[PDB]
J.: 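For reference, the structure I am asking about is given below.
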Amino acid sequence: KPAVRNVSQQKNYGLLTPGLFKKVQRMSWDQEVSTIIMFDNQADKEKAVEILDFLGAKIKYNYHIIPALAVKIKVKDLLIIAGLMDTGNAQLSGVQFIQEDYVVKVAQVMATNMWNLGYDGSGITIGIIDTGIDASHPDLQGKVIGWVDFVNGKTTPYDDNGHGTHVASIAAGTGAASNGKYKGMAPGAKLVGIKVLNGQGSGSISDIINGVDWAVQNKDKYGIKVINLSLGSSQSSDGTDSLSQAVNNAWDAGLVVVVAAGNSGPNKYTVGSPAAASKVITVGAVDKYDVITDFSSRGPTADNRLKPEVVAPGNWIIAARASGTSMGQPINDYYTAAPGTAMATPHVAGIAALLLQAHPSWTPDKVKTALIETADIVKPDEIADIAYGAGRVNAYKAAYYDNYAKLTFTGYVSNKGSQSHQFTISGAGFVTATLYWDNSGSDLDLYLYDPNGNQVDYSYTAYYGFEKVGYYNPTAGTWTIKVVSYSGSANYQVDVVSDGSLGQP
Ligand SMILES: [Ca+2]
Ligand SMILES: [Ca+2]
């Protein structure tokens, strides 16, 4: 196993992130800097408005989804609230941290959707947080029921880049212009266009958070159940920055949040924000043969958590070409092909919309679980780990989750102990077993044994989140799962899922 990192758990310069502290060290007093101030709660955030007005700092946003302000502030003034420059002497009260509001930037071709399903995401609305949507594209017409433009303030949908349209169509395109061939994963779903990225595909953290905020504020009005963020930076993140917090909070408000892993692989620790947010679904990219792409970002997070959780097709994906744009590699007037974890992301968002159509009562955690547990183990010796996560999502299995046999095991393992559980299986094309546990400081591993008692799969990442094993055409008989503490104790749960019959001996 890879030796791990630190840890370590106290790194900020008072209120300033290290990155922001360095930034302002090279600046002079009268210059301006764009920041996000995260407070410990909403009332503390509110108290600070009057003080920031006094100093003449300019509040760009006052957020609901996080207790934070997006603030443009002179260095001298920022030194004052940071407690680094005495009039106080005191740090601004109730501040958790102040970060930089920095800028985010975004052939064998293939269709996104290789399935025919009974569901199509009817009655579900997906928010596309991106460059916009070309709602005049034949595959999207009448779909865009909601719209906001935080870049230019235009009040009618458009897309001046191409990226957001391509993404929107992978998620929910009807495929009308190819008679279905390049439909998205959720052809019956509605869309809301949330433009936070400019024509160059660039945007500020503050704008992206505001787009997440808007989606949450407006979730009831437009029936938003899923949001899509095909955007991020890839500076290794621990998922505690303002944008990560915002997407985690949006998850808790009841939205399925689906985020691109990033395109900065194959190196490990290339998962940044908001890819690192623990709660959301972070999505890597495979090519058309189910092989992880070289560019797909690898985890773990900066704090050693397992990311991405799943991967999806993200290499030269054909989808809607926004009127007047030419992103990637044009196929014809209506369609263009592009690679990226940005293409993988909406594939998963649309599947999420199927599942929510199929199961109106499912929470986001339930959607995430079904995706993880049903994902195809396309590369057994690398699953679960920080390139493939749990494997490549399978829209058919995810959507038909409930038709499958299930078995749940639980127990406790002490430091370096194990537990085993036998189960019987027959008539199966597949079985998977997925392991969770409570103690995030503990590393548990998962092993799967055939009826001869021989190990046919293992899952032993060092990085905490889950473990995942399974087998295709498992021979009928009594199989064993073993839960092993590599280090540390925990209470655990293993879900076994199969299309065969599942029993106990
Ligand atoms: Ca494995
Ligand atoms: Ca492990």
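Values reported hereafter were calculated over all heavy atoms of this structure, with side chains retained and with hydrogens, waters and symmetry mates removed. Order of listing sets the numbers, starting from 1, for every ligand and every atom in it. One-based numbering along the sequence shown.
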J.: Give the atom name of whichever N/O/S atom in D445 sits closest to the Ca ion (ligand 2).
T.: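 Closest to the Ca ion (ligand 2) among those atoms: OD1.
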J.: Work out the angle at the Ca ion (ligand 1) between O of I383 and O of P380, rounded to 10°.
T.: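 Result: 90°, to 10°.
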J.: Please confirm whether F97 and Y13 have ring centers closer than 6.0 angstrom.
T.: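 Distance test on ring centres: not under 6.0 Å, no.
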J.: Report whether any nitrogen, oxygen or sulfur of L444 sits less than 3.0 Å from the Ca ion (ligand 2) (N, O or S, backbone or side chain).
T.: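 So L444 does bind the Ca ion (ligand 2) by this criterion.
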J.: If the cut-off is 3.0 Å, does any N/O/S atom of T461 fall short of it from the Ca ion (ligand 2)?
T.: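 A backbone or side-chain N, O or S atom of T461 is under 3.0 Å from the Ca ion (ligand 2).
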J.: Relative to the Ca ion (ligand 2), which of the N, O or S atoms in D443 is the closest?
T.: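 Within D443, restricted to N, O or S, the Ca ion (ligand 2) is closest to atom OD1.
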J.: Flag the pair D376 and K397 as a salt bridge only when some basic side-chain nitrogen lies within less than 4.0 angstrom of an acidic carboxylate oxygen.
T.: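 Here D376 pairs with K397 in a salt bridge, since their nearest N and O are under 4.0 Å apart.
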J.: Please determine if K379 and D290 form a salt bridge, counting it only when a charged side-chain N lies under 4.0 Å from a carboxylate O.
T.: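 No, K379 and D290 are not salt-bridged.
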J.: Taking NZ, NE, NH1 and NH2 as the nitrogens, is one of them in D445 or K1 under 4.0 Å from a carboxylate oxygen of the other?
T.: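 Looking at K1 together with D445, the answer is yes, because their closest N to O distance falls below 4.0 Å.
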J.: Has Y458 got an N, O or S atom lying less than 3.0 Å from the Ca ion (ligand 1)?
T.: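 Here the distance criterion (N, O or S atom, under 3.0 Å) is met by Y458, so yes.
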J.: Report the atom name of the nearest N/O/S atom of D457 relative to the Ca ion (ligand 1).
T.: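 This residue's closest N, O or S atom turns out to be OD1.
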J.: Under 6.0 Å between ring centres: does that hold for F430 and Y404?
T.: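 They qualify: ring centres under 6.0 Å apart.
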J.: Does the ring center of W437 lie less than 6.0 Å from the ring center of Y464?
T.: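 Here the rings of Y464 and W437 have centres that are less than 6.0 Å from each other.
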J.: If you check every N/O/S atom of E467, which is the one nearest the Ca ion (ligand 2)?
T.: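 Result: OE2.
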